[PDB]
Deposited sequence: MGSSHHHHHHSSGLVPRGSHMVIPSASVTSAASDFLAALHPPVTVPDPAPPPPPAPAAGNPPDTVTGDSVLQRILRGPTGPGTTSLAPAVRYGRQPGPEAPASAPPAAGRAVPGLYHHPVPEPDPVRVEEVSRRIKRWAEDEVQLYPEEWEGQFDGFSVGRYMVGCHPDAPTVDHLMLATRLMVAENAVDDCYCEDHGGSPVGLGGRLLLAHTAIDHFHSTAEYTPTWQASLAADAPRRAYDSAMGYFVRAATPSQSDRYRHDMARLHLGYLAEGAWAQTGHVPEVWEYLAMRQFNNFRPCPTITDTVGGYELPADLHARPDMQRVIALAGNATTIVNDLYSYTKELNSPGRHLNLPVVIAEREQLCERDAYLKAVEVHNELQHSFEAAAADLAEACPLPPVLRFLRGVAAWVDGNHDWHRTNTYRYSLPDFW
């Protein structure tokens, strides 16, 4: 329950247990009844607290469920596909067509259509994206598809390196982790909050830097909380402390403490860039979106800190 010592973060209120329970019951029903996700590790309570904590402005549980089904589907892919298969690029492209559809001839379209029911990851993406596309504006859907293309490219860099046991330089690992990253989750904060960050404002270079820094900081949070778990993962699973240690030839402890400082610099930079843009462009949807990304990041730190079933901390302090 303790935060990583020295990790810069902001406390968050206990998530509303009425919403956590309602999310938990509905996501279990979606998993079992609509997409047949499994035949435990899956808990509804875990993801319910996660999403309530990360989206305090959601008007309804229906809004929370848009993010929740997409998070569960993302998990199902990383679980069924990403553990390192040589054939990953083919599997992931076909699953990506549940997110960005295939357009083809009368002959081939139905065969693709049938593939969307073929396994749990595609049933999960097809169904989760279908609820999102109904709720969100076409620009919000397109933005999510781009963030998912980023994430799939991220997985495929990590998998290519794992095929040869390659340890990239630290900045190379960080570049992969900018893509293989929580980013598709905080960037839907506007859809989940029932409003829209207009596309031309999303596309501003300064906003794109804000989003990347937030995703980068909050993904390094996961490196830090999941570091001890990953020591048992197959092969040598990369995370920032492992890569710094191996490339910079540092003991695990000193590498882990430097990773904490890297996280802090990213989090502070995210905050300064967000403050600058809020001043440069104080339109209400921009300010709402920036606050919502911050809330997602703080909520993601809280979930990792409290999830003692998935994570524990190394003995370094």
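The chain's deposited sequence has unresolved stretches at 1-108, 148-151, 196-199, with no C-alpha coordinates there.
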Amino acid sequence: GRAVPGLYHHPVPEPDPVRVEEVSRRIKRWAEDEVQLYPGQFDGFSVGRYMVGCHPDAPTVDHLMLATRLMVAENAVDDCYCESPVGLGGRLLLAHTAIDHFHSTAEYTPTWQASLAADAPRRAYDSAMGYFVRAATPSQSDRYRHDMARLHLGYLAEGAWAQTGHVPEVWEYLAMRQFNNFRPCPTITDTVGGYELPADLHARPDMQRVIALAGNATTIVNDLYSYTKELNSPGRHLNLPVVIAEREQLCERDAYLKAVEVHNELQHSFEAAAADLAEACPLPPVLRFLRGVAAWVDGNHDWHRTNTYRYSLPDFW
From here on, numbers count along this sequence of modelled residues.
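Looking at mean Cα B-factors across 114-122 and 88-96, the upper value is held by 114-122. Mean CA B-factor, 183-191 versus 73-81: the higher value falls on 73-81.
Highest C-alpha temperature factor among 261, 62, 254, 34, as the PDB entry reports it: 254. Note on 54, 58, 283, 274: the highest value goes to 283, judged by CA B factor as recorded.
When all modelled residues of the chain are sorted by CA temperature factor, residue 208 is found within the middle third. Per the deposited record, the Cα B-factor of residue 66 falls in the lowest third when ranked against the other modelled residues of its chain. For residue 297, the recorded CA temperature factor ranks within the middle third of the chain's modelled residues. Sort the modelled residues of the chain by CA B factor and residue 45 lands in the highest third. Annotation for residue 137: C-alpha temperature factor in the middle third relative to the rest of the modelled chain, per the entry.
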